[PDB]
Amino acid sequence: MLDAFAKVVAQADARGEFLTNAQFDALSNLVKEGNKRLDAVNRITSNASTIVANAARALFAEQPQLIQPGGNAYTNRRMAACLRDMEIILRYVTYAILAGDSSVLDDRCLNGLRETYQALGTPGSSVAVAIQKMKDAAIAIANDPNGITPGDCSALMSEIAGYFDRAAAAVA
């Protein structure tokens, strides 16, 4: 796994180079914006159970075929697996936010996931919907202006959305 700092190091090591002033400046800037990133992770994590439950409930309201007898999330074992997978994907998205790099999400979660769902007969497009609904809820919570020192977390929200989209694209 890499974090944002490790990734810049790795790139410099393969060139045999010390960091440039621009590179140093870019890492410094990440550090200076780090309280925003810690708030986003704390807020999402703190609301994880409702983000998952609410998105699940909505999915199944929109896609009743998934819970009808014979559907992929019918039976309590299948439902529990489906709920697990939502919490897993959200867990690895939040690791990516803390690290500022998608490598942990790509390597430990998304790699081979498409093929796993194909072999099972799980509908990846429906997984993607679930993801998208968690993304929307997560960003809303992360970027709530109440109860926090005011400031602009827009770049960070774009970065968070990109991780969720990356996940949704990898399963559909």
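Note that residue numbering follows the sequence shown and begins at 1. Just so we're on the same page, rigid core means the largest C-alpha set that superposes within 1.5 Å between forms.
Superposition on the core shows that, in 9 other deposited structures of this protein, the C-alpha atoms drift more in one of 113 to 121 and 22 to 30; this is 22 to 30. With 155 to 163 and 10 to 18 as candidates, the stretch whose CA atoms show the greater average offset from this form in 9 other deposited structures of this protein after a core fit is 10 to 18. Legend: mean Cα B-factor per stretch from the PDB entry, 58 to 66 versus 101 to 109; the higher mean is in 101 to 109. When the mean C-alpha temperature factors of 127 to 135 and 43 to 51 are read from the deposited coordinates, 127 to 135 comes out higher. The deposited CA B-factor of residue 159 belongs to the middle third of values across its chain.
In the deposited entry, the Cα temperature factor of residue 38 sits in the bottom third of values across the chain's modelled residues.
Per the deposited record, the Cα B-factor of residue 153 falls in the highest third when ranked against the other modelled residues of its chain.
Sort the modelled residues of the chain by CA B factor and residue 22 lands in the highest third.
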